[PDB]
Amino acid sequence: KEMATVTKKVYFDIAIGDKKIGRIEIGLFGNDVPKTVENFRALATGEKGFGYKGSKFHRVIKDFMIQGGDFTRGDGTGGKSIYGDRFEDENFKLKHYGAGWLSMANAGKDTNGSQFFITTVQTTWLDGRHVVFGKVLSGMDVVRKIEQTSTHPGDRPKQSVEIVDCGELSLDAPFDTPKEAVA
């Protein structure tokens, strides 16, 4: 009701330019959005032969969100799911409760691919249009360091913000986390 169950964990290791920034650890709500979660998890491991490793955060807007996941074109026009190019909006059970929530970028209804964003504020106006599926468990300082990186007009970072490494972590047991902002 006020908690959601993390069932999987993934990590993104971030560099900005040549500087090693650190890790974003992400909990995934596999009992609520299993299809969306499986897509994100598999793209993080690269186990289908393509995925997030080496891709960039291409759209960064202060006091809004940071967006990445376009591993095929790198400019917001690309990316793909593990299911085929696009899949339907699974459900909208989870909301953008505050900073630190993971949600699918899309190109309209039922167009989920691989692009995703991490909120840095409570983006209530995105509720019901973007499928929320995860929450930052650690490394919110890394998220905010990305969020504050200097951008060109059109919100592309001037320095390359790269997911240098990424994958899945072992989770001993699912656990509940509050439906609230990540501090």
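When you see a residue number, it is the position in the sequence shown, counting from 1.
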Looking only at CA atoms, which has the higher mean B factor in the entry: 75-83 or 94-102?
-> 75-83
Of 44-52 and 22-30, the stretch whose C-alpha atoms average the higher B-factor in the entry | 44-52
C-alpha B-factor winner, where the candidates are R156, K35, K145, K135 | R156
C-alpha B factor of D13, ranked within the chain: lowest, middle or highest third?
-> lowest
If you rank the chain by CA B-factor, which third does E168 end up in: lowest, middle or highest?
-> middle
Of the three thirds of Cα B-factor ranks in this chain, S150 occupies the highest
